[PDB]
Amino acid sequence: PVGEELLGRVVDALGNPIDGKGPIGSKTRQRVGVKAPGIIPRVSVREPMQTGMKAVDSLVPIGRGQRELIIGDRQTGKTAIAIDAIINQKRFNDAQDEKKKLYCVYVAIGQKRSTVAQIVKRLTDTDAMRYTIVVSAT
Amino acid sequence: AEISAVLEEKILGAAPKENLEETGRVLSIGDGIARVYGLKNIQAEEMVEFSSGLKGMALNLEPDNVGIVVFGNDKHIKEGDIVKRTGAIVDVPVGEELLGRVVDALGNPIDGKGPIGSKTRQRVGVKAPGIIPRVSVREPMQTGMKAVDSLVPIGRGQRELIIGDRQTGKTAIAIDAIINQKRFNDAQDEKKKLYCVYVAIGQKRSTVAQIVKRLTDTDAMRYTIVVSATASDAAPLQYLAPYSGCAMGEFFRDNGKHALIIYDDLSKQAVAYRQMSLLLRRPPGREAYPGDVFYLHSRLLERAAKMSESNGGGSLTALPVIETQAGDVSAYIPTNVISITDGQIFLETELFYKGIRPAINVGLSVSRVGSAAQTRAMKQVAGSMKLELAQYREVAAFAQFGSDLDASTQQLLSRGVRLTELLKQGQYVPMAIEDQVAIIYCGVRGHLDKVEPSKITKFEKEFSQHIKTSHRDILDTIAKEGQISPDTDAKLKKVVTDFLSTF
Amino acid sequence: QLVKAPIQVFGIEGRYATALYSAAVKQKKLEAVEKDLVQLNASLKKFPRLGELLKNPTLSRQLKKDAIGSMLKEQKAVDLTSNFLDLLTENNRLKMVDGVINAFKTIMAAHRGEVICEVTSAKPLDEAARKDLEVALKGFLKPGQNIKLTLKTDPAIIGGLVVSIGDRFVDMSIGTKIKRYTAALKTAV
Amino acid sequence: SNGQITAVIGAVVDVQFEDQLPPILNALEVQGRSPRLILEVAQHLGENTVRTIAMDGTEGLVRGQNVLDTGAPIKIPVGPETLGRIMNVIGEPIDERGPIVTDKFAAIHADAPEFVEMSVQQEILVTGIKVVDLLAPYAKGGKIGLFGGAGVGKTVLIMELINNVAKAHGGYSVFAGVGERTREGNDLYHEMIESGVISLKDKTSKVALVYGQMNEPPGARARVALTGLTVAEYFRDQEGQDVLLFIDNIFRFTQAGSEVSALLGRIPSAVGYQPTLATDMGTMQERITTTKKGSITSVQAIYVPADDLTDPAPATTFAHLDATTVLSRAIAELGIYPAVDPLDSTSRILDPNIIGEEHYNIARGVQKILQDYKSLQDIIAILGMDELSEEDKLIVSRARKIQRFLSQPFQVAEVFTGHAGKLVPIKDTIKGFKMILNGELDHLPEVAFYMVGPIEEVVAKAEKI
Amino acid sequence: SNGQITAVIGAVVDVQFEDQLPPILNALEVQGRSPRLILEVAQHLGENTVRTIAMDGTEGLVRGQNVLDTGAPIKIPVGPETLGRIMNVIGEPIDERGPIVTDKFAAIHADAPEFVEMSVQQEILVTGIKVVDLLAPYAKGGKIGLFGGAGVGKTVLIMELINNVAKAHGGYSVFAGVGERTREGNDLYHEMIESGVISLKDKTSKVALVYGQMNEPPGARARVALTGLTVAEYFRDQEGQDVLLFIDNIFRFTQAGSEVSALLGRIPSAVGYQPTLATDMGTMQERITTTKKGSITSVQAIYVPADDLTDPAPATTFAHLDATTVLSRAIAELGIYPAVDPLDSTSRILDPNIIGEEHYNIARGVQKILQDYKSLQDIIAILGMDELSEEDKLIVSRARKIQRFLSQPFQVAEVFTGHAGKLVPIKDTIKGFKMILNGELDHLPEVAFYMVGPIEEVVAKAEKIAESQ
Amino acid sequence: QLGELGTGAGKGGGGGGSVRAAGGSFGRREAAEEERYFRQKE
Amino acid sequence: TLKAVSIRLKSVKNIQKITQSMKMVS
Ligand SMILES: Nc1ncnc2c1ncn2[C@@H]1O[C@H](COP(=O)(O)OP(=O)(O)OP(=O)(O)O)[C@@H](O)[C@H]1O
Ligand SMILES: Nc1ncnc2c1ncn2[C@@H]1O[C@H](COP(=O)(O)OP(=O)(O)OP(=O)(O)O)[C@@H](O)[C@H]1O
Ligand SMILES: Nc1ncnc2c1ncn2[C@@H]1O[C@H](COP(=O)(O)OP(=O)(O)OP(=O)(O)O)[C@@H](O)[C@H]1O
Ligand SMILES: Nc1ncnc2c1ncn2[C@@H]1O[C@H](COP(=O)(O)OP(=O)(O)O)[C@@H](O)[C@H]1O
Ligand SMILES: [Mg+2]
Ligand SMILES: [Mg+2]
Ligand SMILES: [Mg+2]
Ligand SMILES: [Mg+2]
């Protein structure tokens, strides 16, 4: 399932809800093995991606449409950078300028289920869950 | 042998015609391997012919099918095609008609110079000569390089491995050895003539064309056969090419003549043989290589022999080339060929970029023939050189932090530095044995201690010219004597001091 | 050239069965070779000593073909089935003589167009149940078809009817229907 | 004839035919697919069943689906009509500019040119890159490989070669994007239409683009290099042109072959590769060469996995190249760009009789100082600079000056570096390194030698300090 | 009975019989074959098919070709008629001197002697090699292994041991050339003829040669060691003689078994080898032993692949040997010849109660100085020779004198180097190393200890150096 | 090219302690200082 | 190879022990 009915919902890899908030009223579905867009439909990355981190947004600036790798050892803050980038978009999503609005999808692969629950709690307290989809495969 | 057509005709009791004892049909074809039903009278390692004109060799004889490697592109082979027996195992043309010709692994000419009028054909898988028919290696095989003909000497009838990393000069050693035989082939001495054979396995066709261009410009092509199984050719062709070139050199060896074979390189032949073994569903071993990959190189190189005087006295000299990965000689294929050959010529990238060219590691290069592969004059000067280089090796380390040294030690350090610069040599310029002996003799007798090492090469050309047109009587005296007498040593020293005064 | 089988049967045992079917349909012995193979399979099941003797890999193939030949003369098998079993004992393939016969039965069932039907009910019933079930199953038939009906009893499905066809299946039973309703109760809110 | 799908496992499809089997390398077309799905016959399995490799995705394929035999291999458009266009592995235009209307077609599988059709002439191709032009010069007509890991810079280096060589080139160019970023394909395409190399208005375009990228299935990624070859082979043979062929990157051809080979039922080779690694690479690479009819100058980026040069795929590619340019991560972490390893790059034209005595002696002199520096670096690392007073410290000082002077700002890297791109003539390059080797610049700081092209900019940078 | 060839894949031939099957290790002969190809039964595959390994080339074999069962394993000629002759793996004469006319034949597969038949006699065999005699002395009737890589000197050492021991031994000797160069076999054959060990005219020949070289198939190279061992076993048992068995190289027996093991249907072992590596080596090696009937003094050259002594083939061979002498490339690169590693070569008779207290104490004292020398070299690298104290100065100086003195010119290596060969008695070796350990020759230069036999030549060489300089 | 002393055990020149077996440049330093001392003595 | 790294690691470990001992003395 795909759509705006998944915002605020924690789902598994099949799209089934796991947060116990009821079913998902999505009317559309999308294949998981769709090929990527080709040369022509793409365009250069020219819109900023605001992670809210001083060292990121100045020295390693991320754009919209970019693939930026967060690489390191264990317990070095890789999840902290990613979660703060999700939280930071609240100032753009609350505003009326829809072109700067950004929805978020957090995919937890191979993590601990308690760690995912604490992440969802952090997103709920900071009100960042309203535009976030959590896909959990612990 | 249970296929649907064969099963159904067994139910009917049809007793089908077109009996499959000298013929067969393809069951499966793919990746250059054809499984053929039929061919009941076929032999192991026997040539076959497909209905498209392609050739093949039957390696796996099995009760149900025959495993056949394809000599070319398998797009022509189709399931159900008729495969016919040739009747004989793989053979190649041999003779002196192949001198000056570029051929593939099957002997077909690829240089566009017309058909080869060979009269005889030898099978590529003949057995190596035994203990009795061969005699000890005694004749020098002149590589033309000072570092080889003095420290790692090669005799006629000897397998000498040229091993190193990529772009270290392995082909440079082999090609310069072929070029050096121009002097002996031009002379009237039939005993010292050497007919070279160059086998290129898995290289580029432009690389081989550059080799033939170099050999033709230096006029070394008149006595050279180039067997070429490049990277575009099938893996069975690259596997068969060393044995085809060996059979061409075995013609000279068995007819009283002396031949030289270069396999460039045997590491690619193992890759081609590994591909055939994996696609024949034979179980792999270390680095996916088959178990018989040692026997692959051992049955090839053992055919290089120095025959006895009752077998014509001819010799077959092999120079296999092995490429290592970052100097790792502990791999499967370099370890096997090192244990097979009579010596190694290690080439190092560190020595190559330090100015030492050819980049021969003397501490790692061995030769099991020793001084028997050197002439009398060279043996006299290389033995003294090996002692002085050993003494220099003891005292060469003093440049790290030493500041004050003994006068005798400084003389040893200076002479050894001259000797290390003496072993350096440019590419495509192999020098004669008399020039190598004379320059090494000057190096080890202190005749170059007063000369800066940067001008050693200029001295090596000009002083050799001075003793060529003016002191040719001394050269005739050394040639008739065969060694360096004390009177001739004094005469050469006086010419050196006279030349250095004029220098 | 081989005649295409009515359905595809897979494996080496299916390869022998399609070879025997093609040979029997090129001639006019389709019904004959089916009759003696069924009678041979019934003979092997009724006498397990014969099955253990044929499947024994220690015994030589001459003893196997003699035992096969001695027990096939009483079957009045003429040319195809005798050569078929001679081919099975020529190879080491008579260990699955039951496999090739079962595969050959599957080919001939589709030759007559029979479609296997499996209807599962909680309790057995006849008269009114069997009359309407035959007509309901006959409605799925294309022309040139036959129904092979197998009735099963299972109290684990509470009631209802679990009817299966050769490739299609429905679960119109009480046990599964209340199971998804209770699943809807737990996933309601 | 007409076949039916028997088995679908990944990119490998088994098709069974009734009357006549298609030959190996023939193209098969699946019927019930809204876009064209092309299967290439790889082997005959027996029982009139062939095993094929799909050039697109195999999802939605059912067993028994009808497959049509085209009776020929994959034929792609070739000629002037492909200039300025982007095509995929099967020759379909993916630039959304309509069909490629041409009368000329060519199969992507062709035999390599024979030994008779070989050119032995070697002339130096001047680039403007000091490390390339000095130590491993490129031949005008020849095979050039750019070895390197991930992020060491190969796309930047091959874009600089396009900027320098391909802009001022009297001939045609072909770019084969093989398993790389689709973003990079979009960047290069708009770079061409902005630099005028691709003209969307008239027929003055000079480059043909063939793109099978890393989002493509393994069948497309293992054949799209052959499509770029076939366009370049037409220009060399049927027109006698001098062609430039940029492949980025050729490792993905070999890597995609290993992925298909797992599903082809082969016994795996060393490091899990296909048994036919050297033969498939040799068949592909021998078609990229200069013949007597025309010349092809090929630059091939070569990815090394896990920064391993002993991996079978880069190791077998080394023997196929005239000039090799090995890019090192250790040099890139020092800030020296381009990160070319000076003691691992070869040219096969680094000869006194080809490039001159002074060019050869300076290049060998540079390599000798850098090799002496590498030998001394273990003493420097543990003990320190206190070694041999004047002599070894002069070796270290000169070698570090040479290492800085090998670096050069690129015009294509000017966006994210700020330093203006420099194109350095080869006479200025050999003059600059001769001044460092002679000791004429020992008093200058080594910072002045860094990221400046000409040697006059080195002394100007030193005066600025 | 009679069989027919079913499959030919490499050096492995499957043949099918109609009558009773031949047993494992039986010899089968292919009928329509000119050079007498022989197949040895390796395993029964079932369905009346056995799987064999070929003792010769398999080219030209046809499926359906008749194979004859000989009813016995490979039987070779044995006895005095094999002395001065060269035999192949199957006992055919390959020296071109006519057939080997004899009445005795022995199968090349036999059981090892039992535990009751074992002999515990241990007496020192003096070889004349100073490093061998001092640190790892050989025993009469014991097993000697010459470990080493390629080019370290196993062949030269085994030629020197033949020259020093087999020329004046008393009793017959057997050389088994297993998977080596045919040039080396030709060189040894003519060296034996010139030495008089082989007589081409009289019956005074002492050595019997069996050769299967690198050109042989893996079947021949994996059985030729058993052919030479069978000749040595006949001399030990049926004649009660003292036998010298020289084998070079015994690693090729293991390697040739690994080449065919993949085609025999076996999962590979560690590194890559037959899973039956230790068992196949154990059955072969335990036949090579001193019974109570007679003694076999075995000297085996052992190839160490890539100088890795932890390779499974050299590692399994260590447990089978009374004395092992490891030849090191590091020792050879220093110029020391023979390249025996002093701290890696061991002997079983290196005991105070076997070779005496003085011999044992000097040998342990030498190994202690050489071990302390290796420990001190790291301090020399960092601290330098300036700061070492006079105790470690004497340790390093005496170690270099000891290390040079372990080298020795060989008579068989005189043509290589030019130095005259020297033979050193055990008493002179003990006295010479005792003088260096005591410090009696601390004033001598270390160059005087290089390539000299006795310690009296060390003094003479030092005086010559001092007088010349 | 001669296999200088201390360049590595089995790498052309070396043999001895851990530094000499490892080779490189510290083995060269060990061989240099040792041979300098014993050449001074002789 | 694995043996080469193990030999080099042993040598550098001994170098550190000597220099640490020299550092304490000095
Ligand atoms: N900027 C920061 N300020 C304070 N604490 C931080 C910061 N960044 C990370 N941390 C803390 O460091 C710890 C590790 O960070 P985090 O869990 O995000 O790393 P990680 O790479 O995701 O580790 P894991 O291997 O568990 O996935 C956490 O306890 C987090 O709170
Ligand atoms: N003695 C020499 N003096 C100068 N240049 C040399 C010498 N020997 C070789 N070269 C050069 O070094 C380069 C590499 O040498 P060569 O091609 O012979 O080595 P190779 O090991 O065969 O390389 P490859 O791995 O490509 O086969 C060439 O450009 C060659 O000209
Ligand atoms: N010449 C250069 N000047 C400056 N920076 C460079 C240069 N070459 C590479 N870089 C740096 O390295 C990065 C990697 O660039 P590039 O895409 O060329 O690498 P690559 O080897 O193709 O890697 P990939 O495997 O990701 O394709 C650049 O984005 C830049 O940061
Ligand atoms: N005792 C020795 N004295 C001098 N050189 C030797 C000695 N032993 C071996 N060598 C060197 O080793 C080479 C022969 O080695 P070899 O014994 O054939 O090795 P392997 O036993 O591994 O085959 C000769 O070229 C020689 O230089
Ligand atoms: Mg985390
Ligand atoms: Mg080469
Ligand atoms: Mg890139
Ligand atoms: Mg040997």
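In what follows, every chain begins at residue 1, and chains take the letters A, B, ... in the order their sequences are listed.
- Highest contact tally toward chain E, considering only B/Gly285, B/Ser298, B/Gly157, B/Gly370, is held by B/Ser298 [criterion: heavy-atom pairs under 4.5 Å].
- Counting heavy-atom pairs closer than 4.5 Å to chain E, the top-ranked of the candidates B/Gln158, B/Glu62, B/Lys127, B/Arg134 is B/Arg134.
- Legend: residues meeting salt bridge (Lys or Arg N to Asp or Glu O under 4.0 Å) with B/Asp292, ordered by chain and number and at least two apart, are absent.
- None of E/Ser261, E/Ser269, E/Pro268 except one satisfies the side chain to side chain contact (heavy atoms under 4.5 Å, CB included) rule with E/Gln274; the exception is E/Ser261.
- Every pair passing side chain to side chain donor-acceptor pair (under 3.5 Å) that includes a residue from residues 51-61 of chain E is listed here, sequence neighbours excluded: E/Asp14-E/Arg51.
- With a 4.5 Å cut-off on non-hydrogen atoms, E/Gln16 does not touch chain B at all.
- No other option in B/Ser371, B/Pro133, B/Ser339, B/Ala128 has as many heavy-atom pairs under 4.5 Å with chain E as B/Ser339.
- When side chains are defined from C-beta on, B/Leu316 counts as touching B/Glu250, because their heavy atoms get closer than 4.5 Å.
- When heavy atoms are compared at a cutoff of 4.5 Å, E/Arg252 approaches chain B solely by way of its side chain, counted from C-beta outward.
- If you measure heavy-atom distances from B/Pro129 to chain E, the contacts under 4.5 Å come from the backbone alone.
- Residue E/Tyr273 does not touch chain B at all, counting heavy-atom pairs closer than 4.5 Å.
- With a 4.5 angstrom heavy-atom cutoff, E/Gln255 touches chain B only via side-chain atoms.
- Among all heavy-atom pairs drawn from E/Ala11 and E/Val260, the shortest one is CB-CG1, 4.4 Å.
- For E/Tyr189 (side chain) and E/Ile198 (main-chain N/O), no donor-acceptor pair under 3.5 Å exists by modelled atom type.
- Only the side chain of E/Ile86 comes within less than 4.5 Å of a heavy atom in chain B; its backbone stays farther off.
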Legend entry - Trace of the salt bridge (charged side-chain N to carboxylate O under 4.0 Å, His left out) decision for E/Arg183 with B/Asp342: CA-CA 9 Å; E/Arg183 179 191 59 90; B/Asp342 308 0; 3.1 Å; yes
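- Within the 4.5 angstrom heavy-atom criterion, only backbone atoms of E/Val415 (N, CA, C, O) approach chain B.
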